[PDB]
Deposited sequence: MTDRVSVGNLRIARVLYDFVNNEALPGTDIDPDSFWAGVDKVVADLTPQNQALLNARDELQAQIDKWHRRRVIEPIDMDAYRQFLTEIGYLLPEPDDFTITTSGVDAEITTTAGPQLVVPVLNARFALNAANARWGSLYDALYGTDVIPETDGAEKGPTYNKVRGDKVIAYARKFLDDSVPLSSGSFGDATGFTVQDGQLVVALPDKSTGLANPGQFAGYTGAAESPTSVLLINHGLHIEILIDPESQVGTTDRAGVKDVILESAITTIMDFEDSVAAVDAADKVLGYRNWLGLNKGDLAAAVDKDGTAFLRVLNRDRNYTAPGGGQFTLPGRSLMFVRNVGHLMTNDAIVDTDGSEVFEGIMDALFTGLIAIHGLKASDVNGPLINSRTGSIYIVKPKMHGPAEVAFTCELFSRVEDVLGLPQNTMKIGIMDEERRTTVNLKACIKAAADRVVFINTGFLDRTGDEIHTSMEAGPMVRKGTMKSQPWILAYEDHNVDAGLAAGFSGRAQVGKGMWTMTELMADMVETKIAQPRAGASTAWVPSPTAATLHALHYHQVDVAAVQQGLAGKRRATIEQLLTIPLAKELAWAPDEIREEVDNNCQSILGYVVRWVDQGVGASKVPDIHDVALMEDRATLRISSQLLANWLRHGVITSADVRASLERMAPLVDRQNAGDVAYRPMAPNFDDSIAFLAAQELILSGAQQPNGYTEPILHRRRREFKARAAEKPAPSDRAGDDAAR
């Protein structure tokens, strides 16, 4: 047992103790009133939560039947008739208030990190200011060509390339009145303005307003602060340093404001299947909000002198969101009298919201998240406006339990399910006074696309999906809906993760497409990645881009509804086989770390040994594609078995560097991980909206139980 009785609820003792001892003290909430509200909110909202999941089922059955016995006009008309495609509401503007500047105004990189990893969470929180020299020297952005490779010790030829890259950036972002930063010799602050000594005549900024401050003596600054497109750049001056001595102006480093916000993830990047796991997560979220999390500690605020003369302070930390789990799953951290597990989304709202109160107070711990008095919650995997409204009502009720003013808890709406995509305007409307972002992505949305039209026929390959008509319309449609609902100057419009964590030259070259499309934020896989992607927001004036796009409708419903069916016999046998192996090793590589080790986010080599940093949604797309090919006779169940068999020892070799790893091959049926992977495929077509959590959670729980005996 080991549970506590609170009305109809039976709470895991480890959760009960954590909340009473760690979470509640200092919030001024009566403990007995807190738990009374938990029981009340759970009893009150559970039936509607269940009603909504049943409605997903009802709609998908109808669509399944439609396809089995079968143009856009009939299809569209059908979706409208069944309650899937809802009417578009009249124009409106969001009324969200109490929102920090990092979100309403500033455009820049956004980091996403598993909350259960204290070390990563700390680095993410501290990633708001990152070294441009480290990011350039340490990655392939500066070509590792002959003579410029990074060896065991510092290479000066490589470093001199790092320095020129940075000077080229400075010229491009904060131009001098005449000449370049490349030829500078010194920096002084004379009568409130920045003076750059060149080797002949000195010069000022072409736009004097880009000078934001300095440190050290005004006559010999230890650093110079600049600003461009709302993001700070800091030039550190120190000829008495490893790098500065070679620098013809004494510049030690260039620091960029990078990850201006971070999402602390409880959902797809973590493996948390029971009370003990949820508490580890909650404890870290609590450490972050208190400002006392340590593993390595949290950065404190940064002090500067204003150009005129007075002292000011800039936040030393990423502004934090938390991503709660979605509406589907239950978790036995709380069960009812009958033994039935409570919905995890309801619990996340209550517990992560309580904890977040600590981030709005200084002692007791030392640090603050939101100055403006908001709590930021990302809600994933919502399907349409009724599900958005339910979330907003959940937050309203939690706010009541916690004694917060209404609309304290803001919502970040992930557009990652088809029924949200096609009803986007109504979804934003349903959250008009709470919404602080919308964003798109590849993995979950493509998995939902596949599952929704499972019965329509064979889908194109996973690589091909990235450039299909439906997904390009999807991306444009999301921005369009945001801007037209007033997001510019008010709420973030965000795009998806760059997964290839080692291919930084490739990221810098191509991810710039995202701000060019009017996204004020985009996801990056690491602090180093945040620093490099920040370069893009200096080249692109996102605010100006968004102003350009307002009033334009770039996507039609037809384009959105365009199912990615393959053309008649698109593939040769070898291409069919490559795709199967690709998807089988995608599944195995991720599942083996999840089930065996409880790791939901890590650098995982793919079939071409490219390091990818993906979350659980990689399981959704890969298992759905294989289920689809199996459903329509593209491949056979023997083909799947054979592929899983071939790829397993390949995955084993990929995990050679791991101490705790236990190999799947040659004995597959003895491996819960392998069996989990096989089940995800063969049972894929039957999972609700193709979600993988039901199978995954069961298999990890099975692993944890066997390991206890």
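Taken in order along the deposited sequence, the stretches absent from the coordinates are 1, 72-76, 302-311, 381-382, 728-741.
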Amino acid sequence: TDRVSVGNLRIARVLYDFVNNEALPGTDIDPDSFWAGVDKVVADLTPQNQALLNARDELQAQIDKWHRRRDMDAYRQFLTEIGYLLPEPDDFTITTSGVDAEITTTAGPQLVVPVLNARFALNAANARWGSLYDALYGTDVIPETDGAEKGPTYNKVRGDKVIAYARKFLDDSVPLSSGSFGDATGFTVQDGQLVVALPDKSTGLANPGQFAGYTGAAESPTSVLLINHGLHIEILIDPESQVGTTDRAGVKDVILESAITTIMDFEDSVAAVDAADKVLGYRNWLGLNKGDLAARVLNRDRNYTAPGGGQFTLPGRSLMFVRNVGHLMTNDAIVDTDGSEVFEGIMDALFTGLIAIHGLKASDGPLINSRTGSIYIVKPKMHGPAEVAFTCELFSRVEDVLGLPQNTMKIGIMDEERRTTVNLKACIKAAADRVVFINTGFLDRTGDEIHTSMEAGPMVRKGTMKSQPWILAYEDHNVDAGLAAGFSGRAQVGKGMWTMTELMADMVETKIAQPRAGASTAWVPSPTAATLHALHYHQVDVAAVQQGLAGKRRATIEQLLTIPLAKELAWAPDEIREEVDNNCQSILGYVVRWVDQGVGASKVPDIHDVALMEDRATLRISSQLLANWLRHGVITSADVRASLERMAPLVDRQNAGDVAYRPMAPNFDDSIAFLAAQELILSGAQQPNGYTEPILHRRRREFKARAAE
From here on, numbers count along this sequence of modelled residues.
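In this text, the rigid core denotes the largest set of C-alpha atoms whose superposition between the two forms falls within 1.5 Å.
When the other structures are laid on the shown form by the core, the C-alphas of 355-363 and 126-134 differ in how far they drift in 5 other deposited structures of this protein; the larger average drift belongs to 355-363. Greater C-alpha displacement in 5 other deposited structures of this protein (rigid core superposition, RMS over structures and residues), of 421-429 versus 200-208: 200-208. Compared with other deposited structures of the same protein, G26 does not meet the criterion of being unmodelled in at least one third, since all of those that resolve residues on both sides include it.
Looking at the other PDB entries for this protein, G684 is present in the model in all of those that include the residues around it, rather than absent from a third. For the segment pair 400-408 and 351-359, the entry gives 400-408 the higher mean B-factor, averaged over Cα atoms.
Higher mean CA B-factor, judged across 370-378 and 151-159 from the recorded values: 151-159. Sorting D669, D64, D57, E679 by the CA temperature factor given in the entry leaves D669 at the top. Which of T391, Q492, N423, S220 has the largest Cα B-factor in the deposited entry comes down to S220. The PDB entry assigns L53 a C-alpha temperature factor belonging to the lowest third of its chain's modelled residues.
For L569, the recorded CA temperature factor ranks within the highest third of the chain's modelled residues.
Remark: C427 belongs to the lowest third of its chain, ranked by C-alpha B-factor as recorded. In the PDB entry, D191 places in the highest third of its chain by CA B-factor.
In this PDB entry, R300 carries a Cα temperature factor that places it within the highest third of its chain's modelled residues.
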